[PDB]
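S.K.: Dumping the structure here so I can ask a few things about it.
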Amino acid sequence: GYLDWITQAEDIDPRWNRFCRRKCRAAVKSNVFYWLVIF
Amino acid sequence: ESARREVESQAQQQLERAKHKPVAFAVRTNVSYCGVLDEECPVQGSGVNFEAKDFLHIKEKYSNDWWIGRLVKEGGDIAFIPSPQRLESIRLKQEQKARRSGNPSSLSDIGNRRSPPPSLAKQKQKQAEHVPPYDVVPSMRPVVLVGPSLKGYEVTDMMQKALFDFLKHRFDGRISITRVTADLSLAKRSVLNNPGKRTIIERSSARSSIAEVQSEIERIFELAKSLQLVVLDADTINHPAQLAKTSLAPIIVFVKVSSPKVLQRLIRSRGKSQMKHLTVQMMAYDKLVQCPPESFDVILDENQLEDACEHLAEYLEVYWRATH
């Protein structure tokens, strides 16, 4: 819970990469991706 | 006596017509004085006994003895707060209740040495410090971020980066986050009549940063005046002790990481920019964990970003709800 917390700080603009990472990171923790991979 | 009846409701009508009166300023109290024991007040009844470290928002100017202010608890109402002088005058009465208030002991010695209370037994003396019972505080308590290590380091700057980001989105339209790069350690409520008023003095303080240290104090003061949440995240705050005696008296948020072993692998994964001062992070937490728990205003020991965010957000709205 701490390595990703500081990683969440990297996702914030102080590049398109951080916007790319931010969208994909929340995509995994969506409660729909989990059921999709289960299916 | 019909004179008291008219003046009793004179304040009642004046303070009821406009229930949207702007908050002129706020004050803090730290004296255990009971406002109900002394049956003396503009409106007779049972006055509010606001205890130590309770903020009173004085929004009206009645006279030089009692002032109208509101407290910072939920469901606050319109109350009265006597002047600090008045409190100094009435604090002197507290020692008057005893048999003697000066030097002469009453140990079976009456009628031989009267010893009336001289100027040394009054409030004229004790002027070397003469700490006032009331202290100036901003409209709302500022929030600053400390821990889990010294500020300016990789992780500590990283932990606040995600935390401050959440506040502006959740509290949009009510918050203002500012960054000040100037020192704040040397800031006391009474050090001089006019610290660094003139920069052409060419003395021990003219060339120092005190010429701009006082300027930012009003900047925080004016930020609170505009009725919005203020955030202070300077590089000069690393412990709540030094800021516990200034005029600001802010809110200290704690992000303790529980065992010191966690911090280690948190910084070890960063890169070669960290082990150049890897060891001082332990004493950075060690010199910060020894502080008594009651000094901190909130605790965030949760290991998840989301849970700690909702833990802090719930406290701020209660402060927001109370002061409205």
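Residue numbering restarts at 1 for every chain of the structure tokens, chains are lettered A, B, ... in their displayed order, and ligands are numbered from 1 as they appear.
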What residues in chain B lie within 8 Å of chain A, counting only C-alpha atoms, written as a VMD selection string?
M.R.: chain B and resid 155 158 to 159 161 to 162 165 266 303 to 305
S.K.: Would you please give, as a ChimeraX atom specification, all residues of stretch 83-195 of chain B that DSSP assigns to strand (DSSP E or B) based on the backbone?
M.R.: /B:134-137,143-146,175-178
S.K.: With C-alpha atoms retained, export the selected residues as an mmCIF file, in the first residue's frame.
M.R.:
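That gives us part-v5.cif:
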data_model
loop_
_atom_site.group_PDB
_atom_site.id
_atom_site.type_symbol
_atom_site.label_atom_id
_atom_site.label_comp_id
_atom_site.auth_asym_id
_atom_site.auth_seq_id
_atom_site.Cartn_x
_atom_site.Cartn_y
_atom_site.Cartn_z
ATOM 1 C CA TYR B 134 -5.572 35.994 24.669
ATOM 2 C CA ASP B 135 -3.572 35.389 21.491
ATOM 3 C CA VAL B 136 -4.205 36.449 17.903
ATOM 4 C CA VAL B 137 -5.227 33.606 15.584
ATOM 5 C CA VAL B 143 -3.360 22.848 7.818
ATOM 6 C CA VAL B 144 0.276 21.875 7.243
ATOM 7 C CA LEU B 145 1.818 18.502 6.417
ATOM 8 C CA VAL B 146 4.596 16.936 8.490
ATOM 9 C CA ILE B 175 -9.630 25.455 -0.769
ATOM 10 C CA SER B 176 -6.473 27.302 -1.799
ATOM 11 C CA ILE B 177 -3.098 25.522 -1.742
ATOM 12 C CA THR B 178 -0.052 27.800 -1.643
#
S.K.: Return as JSON lines the residues of stretch 74-94 of chain B lying at most 12 Å from stretch 103-122 of chain B, together with the closest atom-to-atom pair for each and the distance in Å to one decimal, counting only C-alpha atoms, with rows in chain order and ascending residue number.
M.R.:
{"residue": "B:88", "atom": "CA", "partner": "B:122", "partner_atom": "CA", "distance": 10.7}
{"residue": "B:89", "atom": "CA", "partner": "B:122", "partner_atom": "CA", "distance": 10.0}
{"residue": "B:91", "atom": "CA", "partner": "B:122", "partner_atom": "CA", "distance": 11.1}
{"residue": "B:92", "atom": "CA", "partner": "B:122", "partner_atom": "CA", "distance": 7.8}
{"residue": "B:93", "atom": "CA", "partner": "B:122", "partner_atom": "CA", "distance": 10.6}
S.K.: Can you write just those residues out, N, CA, C and O atoms, as a CSV table (one decimal), in the first residue's frame?
M.R.:
chain,number,residue,atom,x,y,z
B,88,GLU,N,-7.7,39.8,32.6
B,88,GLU,CA,-6.6,40.1,33.5
B,88,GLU,C,-7.1,40.7,34.8
B,88,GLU,O,-6.6,40.5,35.8
B,89,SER,N,-8.1,41.6,34.6
B,89,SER,CA,-8.7,42.2,35.8
B,89,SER,C,-9.4,41.2,36.6
B,89,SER,O,-9.4,41.2,37.9
B,91,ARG,N,-8.8,37.8,36.5
B,91,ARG,CA,-7.9,36.9,37.0
B,91,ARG,C,-7.2,37.4,38.3
B,91,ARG,O,-7.0,36.6,39.2
B,92,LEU,N,-7.0,38.7,38.4
B,92,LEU,CA,-6.5,39.2,39.6
B,92,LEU,C,-7.4,39.0,40.8
B,92,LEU,O,-7.0,38.9,41.9
B,93,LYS,N,-8.7,39.0,40.5
B,93,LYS,CA,-9.7,38.7,41.5
B,93,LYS,C,-9.6,37.3,42.0
B,93,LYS,O,-10.0,37.0,43.2
S.K.: Identify, on the basis of only C-alpha atoms, every residue whose closest approach to residue B:298 does not exceed 7 Å; exclude the query and any residue fewer than 3 positions from it along the same chain; express the result as a PDB file with N, CA and C atoms, in the first residue's frame.
M.R.:
ATOM      1  N   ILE B 252      -1.871  20.179  12.489  1.00  0.00           N
ATOM      2  CA  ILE B 252      -0.774  19.282  12.145  1.00  0.00           C
ATOM      3  C   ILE B 252      -1.366  17.935  11.757  1.00  0.00           C
ATOM      4  N   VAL B 253      -1.097  17.498  10.530  1.00  0.00           N
ATOM      5  CA  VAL B 253      -1.533  16.193  10.048  1.00  0.00           C
ATOM      6  C   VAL B 253      -0.349  15.238  10.125  1.00  0.00           C
ATOM      7  N   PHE B 254      -0.588  14.041  10.653  1.00  0.00           N
ATOM      8  CA  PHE B 254       0.460  13.053  10.858  1.00  0.00           C
ATOM      9  C   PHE B 254       0.207  11.856   9.954  1.00  0.00           C
TER      10      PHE B 254
END
S.K.: Neighbouring residues of residue B:227 were defined as those with any atom within 10 Å, considering only C-alpha atoms; residues of the same chain fewer than 6 positions away were excluded. Please report them as an MDAnalysis selection string.
M.R.: chainID B and resid 22:23 139:140 174:175 323
S.K.: What's around residue B:182 at 8 Å? Count only C-alpha atoms, leave out sequence neighbours fewer than 4 positions away in its own chain, and write the answer as a PyMOL selection string.
M.R.: chain B and resi 213+234-236
